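Enquirer: Supplied structure: protein12.txt, compact mmCIF, C-alpha atoms and all ligand atoms.
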# COMPACT_ATOMS: atom_id res chain seq x y z
CA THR A 1 0.00 0.00 0.00
CA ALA A 2 2.07 2.90 -1.33
CA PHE A 3 0.99 6.29 -2.66
CA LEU A 4 2.62 7.85 -5.72
CA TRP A 5 1.74 11.35 -6.91
CA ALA A 6 3.28 14.67 -7.98
CA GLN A 7 2.83 18.01 -6.21
CA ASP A 8 4.03 21.62 -6.09
CA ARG A 9 5.00 23.94 -3.22
CA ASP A 10 1.30 24.45 -2.45
CA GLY A 11 0.90 20.68 -2.33
CA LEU A 12 -1.02 20.81 -5.61
CA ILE A 13 -1.39 17.71 -7.77
CA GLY A 14 -3.59 18.65 -10.69
CA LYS A 15 -5.61 21.43 -12.29
CA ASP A 16 -9.16 20.09 -12.67
CA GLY A 17 -7.84 16.93 -14.30
CA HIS A 18 -4.26 15.97 -13.47
CA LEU A 19 -0.66 17.18 -13.21
CA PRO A 20 -0.28 19.94 -15.87
CA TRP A 21 3.51 20.01 -15.48
CA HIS A 22 5.66 18.19 -18.03
CA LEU A 23 7.62 15.83 -15.79
CA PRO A 24 9.37 13.26 -18.06
CA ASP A 25 11.43 11.91 -15.17
CA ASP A 26 8.21 11.24 -13.25
CA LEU A 27 6.45 9.33 -16.02
CA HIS A 28 9.50 7.26 -16.95
CA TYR A 29 10.08 6.31 -13.31
CA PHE A 30 6.33 5.99 -12.76
CA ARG A 31 5.94 3.24 -15.36
CA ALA A 32 9.33 1.75 -14.48
CA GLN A 33 7.98 1.13 -10.98
CA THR A 34 4.39 0.25 -11.88
CA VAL A 35 5.56 -2.56 -14.16
CA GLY A 36 3.78 -5.83 -13.44
CA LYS A 37 1.95 -4.30 -10.47
CA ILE A 38 -1.51 -2.93 -9.67
CA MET A 39 -2.36 0.77 -9.48
CA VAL A 40 -5.58 2.12 -7.94
CA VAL A 41 -7.20 5.14 -9.57
CA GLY A 42 -10.29 7.23 -8.83
CA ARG A 43 -13.34 7.72 -11.03
CA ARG A 44 -12.49 11.15 -12.45
CA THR A 45 -9.02 9.72 -13.04
CA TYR A 46 -9.90 6.87 -15.42
CA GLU A 47 -11.81 9.48 -17.42
CA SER A 48 -9.27 12.25 -16.83
CA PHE A 49 -6.20 10.09 -17.50
CA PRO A 50 -3.90 10.44 -20.56
CA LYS A 51 -2.95 6.76 -20.44
CA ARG A 52 -6.05 4.76 -19.55
CA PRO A 53 -5.37 1.98 -19.15
CA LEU A 54 -1.61 2.03 -18.57
CA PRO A 55 0.34 -0.36 -20.86
CA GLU A 56 2.32 -3.30 -19.48
CA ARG A 57 0.67 -2.80 -16.09
CA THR A 58 -2.41 -3.77 -14.07
CA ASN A 59 -4.93 -0.94 -13.79
CA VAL A 60 -7.56 -0.53 -11.08
CA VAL A 61 -10.57 1.81 -11.13
CA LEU A 62 -12.43 3.21 -8.13
CA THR A 63 -15.83 4.73 -8.88
CA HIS A 64 -19.09 4.98 -6.94
CA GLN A 65 -21.07 3.81 -9.97
CA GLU A 66 -22.28 0.25 -9.43
CA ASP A 67 -22.92 -0.37 -13.13
CA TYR A 68 -19.58 1.14 -14.14
CA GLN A 69 -17.65 -0.86 -16.74
CA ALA A 70 -13.89 -0.36 -16.93
CA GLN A 71 -12.50 -2.47 -19.76
CA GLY A 72 -8.87 -3.38 -19.20
CA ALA A 73 -8.83 -2.55 -15.49
CA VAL A 74 -10.48 -3.78 -12.29
CA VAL A 75 -13.69 -2.08 -11.16
CA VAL A 76 -14.79 -1.49 -7.56
CA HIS A 77 -16.64 1.11 -5.48
CA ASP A 78 -15.74 0.27 -1.87
CA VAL A 79 -12.46 0.51 0.02
CA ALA A 80 -12.94 -2.90 1.64
CA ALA A 81 -13.96 -4.51 -1.65
CA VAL A 82 -10.81 -3.57 -3.56
CA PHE A 83 -8.82 -4.64 -0.50
CA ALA A 84 -10.06 -8.21 -0.94
CA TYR A 85 -8.79 -8.12 -4.50
CA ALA A 86 -5.33 -6.86 -3.50
CA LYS A 87 -5.26 -9.82 -1.12
CA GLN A 88 -6.14 -12.23 -3.91
CA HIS A 89 -3.14 -10.77 -5.75
CA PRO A 90 -0.15 -11.72 -3.53
CA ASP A 91 2.11 -11.42 -6.58
CA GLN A 92 1.45 -7.70 -7.06
CA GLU A 93 1.72 -4.44 -5.12
CA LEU A 94 -0.68 -1.59 -4.33
CA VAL A 95 0.08 1.83 -5.80
CA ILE A 96 -2.30 4.79 -5.53
CA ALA A 97 -2.05 7.49 -8.20
CA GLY A 98 -5.30 9.40 -7.82
CA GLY A 99 -7.44 11.12 -7.26
CA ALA A 100 -7.41 13.26 -4.12
CA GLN A 101 -10.41 11.44 -2.63
CA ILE A 102 -8.79 8.09 -3.40
CA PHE A 103 -5.65 8.85 -1.40
CA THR A 104 -7.93 9.95 1.44
CA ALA A 105 -9.67 6.58 1.83
CA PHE A 106 -6.46 4.55 1.93
CA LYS A 107 -4.82 7.47 3.79
CA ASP A 108 -5.73 5.56 6.96
CA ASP A 109 -5.39 2.07 5.48
CA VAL A 110 -2.08 3.02 3.81
CA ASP A 111 1.37 1.75 4.78
CA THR A 112 3.86 3.40 2.41
CA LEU A 113 4.08 6.90 0.93
CA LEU A 114 5.84 8.21 -2.18
CA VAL A 115 5.57 11.90 -3.05
CA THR A 116 7.30 14.15 -5.56
CA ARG A 117 7.48 17.73 -4.29
CA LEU A 118 8.29 20.08 -7.17
CA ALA A 119 10.18 23.34 -6.66
CA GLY A 120 7.88 25.67 -8.57
CA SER A 121 4.75 27.01 -6.91
CA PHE A 122 1.58 26.33 -8.91
CA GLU A 123 -2.06 27.22 -8.28
CA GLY A 124 -5.15 25.14 -8.98
CA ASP A 125 -8.28 23.65 -7.43
CA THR A 126 -6.96 20.29 -6.22
CA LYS A 127 -4.57 19.94 -3.28
CA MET A 128 -3.31 16.92 -1.34
CA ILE A 129 -5.24 15.50 1.62
CA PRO A 130 -4.18 15.43 5.32
CA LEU A 131 -2.19 12.44 6.59
CA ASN A 132 -1.07 11.02 9.94
CA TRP A 133 2.59 11.93 9.52
CA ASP A 134 3.39 10.91 13.10
CA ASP A 135 2.19 7.37 12.40
CA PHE A 136 4.50 7.36 9.36
CA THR A 137 8.30 7.39 9.36
CA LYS A 138 10.43 8.61 6.46
CA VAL A 139 12.11 5.65 4.77
CA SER A 140 14.11 7.63 2.22
CA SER A 141 14.57 11.06 0.64
CA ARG A 142 16.27 12.14 -2.59
CA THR A 143 16.28 15.65 -4.05
CA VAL A 144 16.39 15.57 -7.85
CA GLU A 145 17.12 18.77 -9.77
CA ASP A 146 17.02 19.50 -13.50
CA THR A 147 18.20 22.32 -15.77
CA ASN A 148 15.11 24.35 -14.88
CA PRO A 149 14.79 25.62 -11.26
CA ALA A 150 11.10 24.72 -11.34
CA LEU A 151 11.82 21.22 -12.65
CA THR A 152 13.55 20.34 -9.37
CA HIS A 153 11.68 17.59 -7.51
CA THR A 154 12.22 15.65 -4.29
CA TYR A 155 11.49 11.94 -3.88
CA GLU A 156 10.54 10.95 -0.33
CA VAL A 157 9.61 7.56 1.11
CA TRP A 158 7.46 6.78 4.14
CA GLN A 159 6.51 3.58 5.95
CA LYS A 160 4.19 3.14 8.93
CA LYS A 161 6.00 2.21 12.14
CA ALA A 162 5.82 -1.44 13.19
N1 LIG A 201 -0.53 14.76 -9.69
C1 LIG A 201 -1.23 13.64 -9.97
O1 LIG A 201 -0.70 12.44 -10.09
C2 LIG A 201 -2.64 13.42 -10.14
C3 LIG A 201 -3.29 14.52 -9.93
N2 LIG A 201 -4.61 14.70 -10.00
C4 LIG A 201 -5.41 15.89 -9.74
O2 LIG A 201 -6.29 15.61 -8.67
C5 LIG A 201 -7.66 15.82 -9.10
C6 LIG A 201 -8.57 14.83 -8.40
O3 LIG A 201 -8.28 13.49 -8.85
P1 LIG A 201 -9.22 12.76 -9.90
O4 LIG A 201 -8.57 11.57 -10.47
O5 LIG A 201 -9.83 13.72 -10.84
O6 LIG A 201 -10.39 12.26 -8.85
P2 LIG A 201 -11.34 10.92 -8.70
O7 LIG A 201 -12.75 11.33 -8.82
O8 LIG A 201 -10.84 9.90 -9.64
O9 LIG A 201 -10.97 10.56 -7.19
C7 LIG A 201 -11.79 11.01 -6.11
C8 LIG A 201 -13.21 10.53 -6.30
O10 LIG A 201 -13.22 9.08 -6.41
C9 LIG A 201 -14.37 8.56 -5.77
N3 LIG A 201 -13.92 7.73 -4.65
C10 LIG A 201 -12.82 7.93 -3.85
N4 LIG A 201 -12.67 7.02 -2.92
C11 LIG A 201 -13.75 6.17 -3.11
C12 LIG A 201 -14.16 5.00 -2.44
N5 LIG A 201 -13.52 4.47 -1.41
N6 LIG A 201 -15.28 4.38 -2.89
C13 LIG A 201 -15.93 4.91 -3.94
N7 LIG A 201 -15.64 6.01 -4.64
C14 LIG A 201 -14.53 6.59 -4.17
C15 LIG A 201 -15.23 9.75 -5.33
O11 LIG A 201 -16.19 10.06 -6.31
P3 LIG A 201 -17.27 11.33 -6.32
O12 LIG A 201 -17.04 11.90 -4.93
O13 LIG A 201 -17.03 11.89 -7.72
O14 LIG A 201 -18.60 10.47 -6.33
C16 LIG A 201 -14.17 10.83 -5.15
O15 LIG A 201 -14.72 12.14 -5.27
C17 LIG A 201 -7.60 15.70 -10.62
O16 LIG A 201 -8.68 16.41 -11.23
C18 LIG A 201 -6.26 16.35 -10.93
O17 LIG A 201 -6.32 17.77 -10.98
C19 LIG A 201 -5.53 13.52 -10.38
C20 LIG A 201 -4.87 12.32 -10.62
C21 LIG A 201 -3.44 12.20 -10.52
Using the file provided, produce a representation of the structure as structure tokens.
Expert:
Amino acid sequence: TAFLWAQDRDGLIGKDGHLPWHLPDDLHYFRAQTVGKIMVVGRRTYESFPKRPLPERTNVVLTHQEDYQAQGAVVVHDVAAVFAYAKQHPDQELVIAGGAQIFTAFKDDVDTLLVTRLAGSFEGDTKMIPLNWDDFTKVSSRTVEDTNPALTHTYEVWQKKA
């Protein structure tokens, strides 16, 4: 149960759809890590995603709609439901990409955290959700910088104690 998403100084993530910043290093590493695994995505995501479903990977959709049909990915509407699936898949890992409400649900049921804090300060209508930082301990931290001062990101890891 790990979360993977991009954000700015304001903690942003998207602009009424998704990350509007061109982060090639994020995508490349994103797919390089989500290879042969399972990624959970929100409703607005599957519809507001540029790569739906993601190639060479296992996609997972999370929408309230009961009659929702997501071809190529797994469909569910409850937090407990999808959890049963993840259990049935002991050969894969859980990776949350979006949306904001999705991270919230697992926010409590989460174990690992992976965030990319950009350097530039952007403004939108979608910010990250609160998390129990105390209950989570930083596993790793790497500050990556590019030619552009705004293209500088920081990769941080977090794992719940015990
Ligand atoms: N930087 C990034 O990687 C990403 C950034 N973003 C940004 O964040 C914004 C929000 O994410 P987006 O993908 O659009 O949002 P989603 O609608 O996909 O995710 C949140 C919504 O999913 C539904 N949902 C969440 N948890 C559950 C649950 N346990 N059971 C059932 N339904 C659930 C709810 O639907 P509702 O309440 O609609 O009924 C909730 O409002 C995007 O518009 C974009 O700007 C989005 C994706 C990735």
Enquirer: If I take atom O15 of ligand LIG 201 (chain A) and CA of residue 62 (chain A), how far is one from the other in Å, to one decimal?
Expert: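 It comes out at 9.7 Å.
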Enquirer: Show me which residues line ligand LIG 201 (chain A), defined as having an atom within 7 Å of a ligand atom where only C-alpha atoms and all ligand atoms count, and present them as a PyMOL selection string.
Expert: chain A and resi 5-7+13-19+41-46+48+62-64+77-79+97-102+105+126
Enquirer: Restrict the selected residues to C-alpha atoms and save them as an mmCIF file, in the coordinates of the input.
Expert:
data_model
loop_
_atom_site.group_PDB
_atom_site.id
_atom_site.type_symbol
_atom_site.label_atom_id
_atom_site.label_comp_id
_atom_site.auth_asym_id
_atom_site.auth_seq_id
_atom_site.Cartn_x
_atom_site.Cartn_y
_atom_site.Cartn_z
ATOM 1 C CA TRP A 5 1.740 11.350 -6.910
ATOM 2 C CA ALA A 6 3.280 14.670 -7.980
ATOM 3 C CA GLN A 7 2.830 18.010 -6.210
ATOM 4 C CA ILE A 13 -1.390 17.710 -7.770
ATOM 5 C CA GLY A 14 -3.590 18.650 -10.690
ATOM 6 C CA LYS A 15 -5.610 21.430 -12.290
ATOM 7 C CA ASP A 16 -9.160 20.090 -12.670
ATOM 8 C CA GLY A 17 -7.840 16.930 -14.300
ATOM 9 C CA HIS A 18 -4.260 15.970 -13.470
ATOM 10 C CA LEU A 19 -0.660 17.180 -13.210
ATOM 11 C CA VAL A 41 -7.200 5.140 -9.570
ATOM 12 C CA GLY A 42 -10.290 7.230 -8.830
ATOM 13 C CA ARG A 43 -13.340 7.720 -11.030
ATOM 14 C CA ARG A 44 -12.490 11.150 -12.450
ATOM 15 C CA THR A 45 -9.020 9.720 -13.040
ATOM 16 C CA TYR A 46 -9.900 6.870 -15.420
ATOM 17 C CA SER A 48 -9.270 12.250 -16.830
ATOM 18 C CA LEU A 62 -12.430 3.210 -8.130
ATOM 19 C CA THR A 63 -15.830 4.730 -8.880
ATOM 20 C CA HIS A 64 -19.090 4.980 -6.940
ATOM 21 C CA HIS A 77 -16.640 1.110 -5.480
ATOM 22 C CA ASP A 78 -15.740 0.270 -1.870
ATOM 23 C CA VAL A 79 -12.460 0.510 0.020
ATOM 24 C CA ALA A 97 -2.050 7.490 -8.200
ATOM 25 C CA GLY A 98 -5.300 9.400 -7.820
ATOM 26 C CA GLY A 99 -7.440 11.120 -7.260
ATOM 27 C CA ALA A 100 -7.410 13.260 -4.120
ATOM 28 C CA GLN A 101 -10.410 11.440 -2.630
ATOM 29 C CA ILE A 102 -8.790 8.090 -3.400
ATOM 30 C CA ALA A 105 -9.670 6.580 1.830
ATOM 31 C CA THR A 126 -6.960 20.290 -6.220
#
Enquirer: Closest to residue 68 (chain A) among A:141, A:47, A:135, A:107, using all atoms listed in the file?
Expert: A:47
Enquirer: Name the closest residue to residue 2 (chain A) among the candidates A:37, A:148, A:71, A:110; distances are taken between atoms, counting only C-alpha atoms.
Expert: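 Looking at the shortest contact to residue 2 (chain A), the residue is A:110.
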Enquirer: Could you give me, as a Markdown table, a per-residue list for region 40-83 of chain A showing, wherever an atom lies at most 12 Å from an atom of region 26-29 of chain A, the closest pair of atoms and their distance in Å to one decimal, using only C-alpha atoms and sorting by chain then residue number from low to high?
Expert:
| residue | atom | partner | partner_atom | distance |
| --- | --- | --- | --- | --- |
| A:50 | CA | A:27 | CA | 11.4 |
| A:51 | CA | A:27 | CA | 10.7 |
| A:54 | CA | A:27 | CA | 11.2 |
Enquirer: Closest to residue 89 (chain A) among A:24, A:120, A:36, A:55, using all atoms listed in the file?
Expert: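 With all atoms listed in the file as the atom set, the closest residue is A:36.
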Enquirer: Name the residues in contact with residue 111 (chain A) at a cut-off of 6 Å, using only C-alpha atoms, excluding same-chain residues fewer than 4 positions from it; report them as a ChimeraX atom specification.
Expert: /A:1,159-160
